[PDB]
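Notes follow the structure.
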Amino acid sequence: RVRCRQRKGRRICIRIXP
RNA sequence: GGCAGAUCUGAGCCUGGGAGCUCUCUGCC
């Protein structure tokens with residue numbers, strides 16, 4: 001799946017297989 | 001060169017509730 005992180009008030013995600 | 005983590009309280013942009021990219025810091029090879 002995608003790994004999210006809180007950046008710029010919004011949550012940025014990173015494609016991670018699952 | 002690659003990977004991971006962090007954020008307007010490290011920083012910026014686009015879309016539009018996320019998904020990408022660059023930069024910075026840290027760590028690893």
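Just so we're on the same page: first chain in the structure tokens is A, next is B, and so on; residues restart at 1 for each chain, and ligands are numbered from 1 in the order they show up.
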Taking only C-alpha atoms (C1' of nucleotides) into account, find every residue of chain B that has an atom no more than 8 Å from chain A, and write it out as a PDB file with N, CA, C and O atoms (P, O5', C5', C4', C3', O3' and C1' of nucleotides), in the first residue's frame.
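Produced file result.pdb, reproduced below:
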```pdb
ATOM      1  P     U B   7       6.938  14.468  10.688  1.00  0.00           P
ATOM      2  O5'   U B   7       7.352  15.885  10.040  1.00  0.00           O
ATOM      3  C5'   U B   7       8.119  16.827  10.795  1.00  0.00           C
ATOM      4  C4'   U B   7       8.226  18.178  10.083  1.00  0.00           C
ATOM      5  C3'   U B   7       6.851  18.793   9.680  1.00  0.00           C
ATOM      6  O3'   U B   7       6.871  20.188  10.001  1.00  0.00           O
ATOM      7  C1'   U B   7       8.295  18.673   7.811  1.00  0.00           C
ATOM      8  P     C B   8       5.504  21.016  10.188  1.00  0.00           P
ATOM      9  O5'   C B   8       5.261  21.635   8.722  1.00  0.00           O
ATOM     10  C5'   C B   8       6.314  22.310   8.034  1.00  0.00           C
ATOM     11  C4'   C B   8       5.889  23.700   7.556  1.00  0.00           C
ATOM     12  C3'   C B   8       5.330  24.657   8.632  1.00  0.00           C
ATOM     13  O3'   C B   8       6.374  25.350   9.316  1.00  0.00           O
ATOM     14  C1'   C B   8       4.080  24.813   6.598  1.00  0.00           C
ATOM     15  P     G B  18      -5.573  14.683  -2.734  1.00  0.00           P
ATOM     16  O5'   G B  18      -4.445  13.921  -1.876  1.00  0.00           O
ATOM     17  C5'   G B  18      -3.519  14.662  -1.080  1.00  0.00           C
ATOM     18  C4'   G B  18      -2.348  13.796  -0.618  1.00  0.00           C
ATOM     19  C3'   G B  18      -1.673  13.064  -1.740  1.00  0.00           C
ATOM     20  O3'   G B  18      -0.260  13.123  -1.524  1.00  0.00           O
ATOM     21  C1'   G B  18      -2.847  11.542  -0.275  1.00  0.00           C
ATOM     22  P     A B  19       0.759  13.183  -2.770  1.00  0.00           P
ATOM     23  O5'   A B  19       0.744  11.669  -3.317  1.00  0.00           O
ATOM     24  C5'   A B  19       1.296  10.607  -2.534  1.00  0.00           C
ATOM     25  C4'   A B  19       1.265   9.277  -3.287  1.00  0.00           C
ATOM     26  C3'   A B  19       1.849   9.354  -4.662  1.00  0.00           C
ATOM     27  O3'   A B  19       2.629   8.183  -4.917  1.00  0.00           O
ATOM     28  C1'   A B  19      -0.532   9.034  -4.778  1.00  0.00           C
TER      29        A B  19
END
```
message = Write out as a count of residues only the set of residues from chain A that DSSP, computed on the backbone, places in strand (DSSP E or B).
response = 12
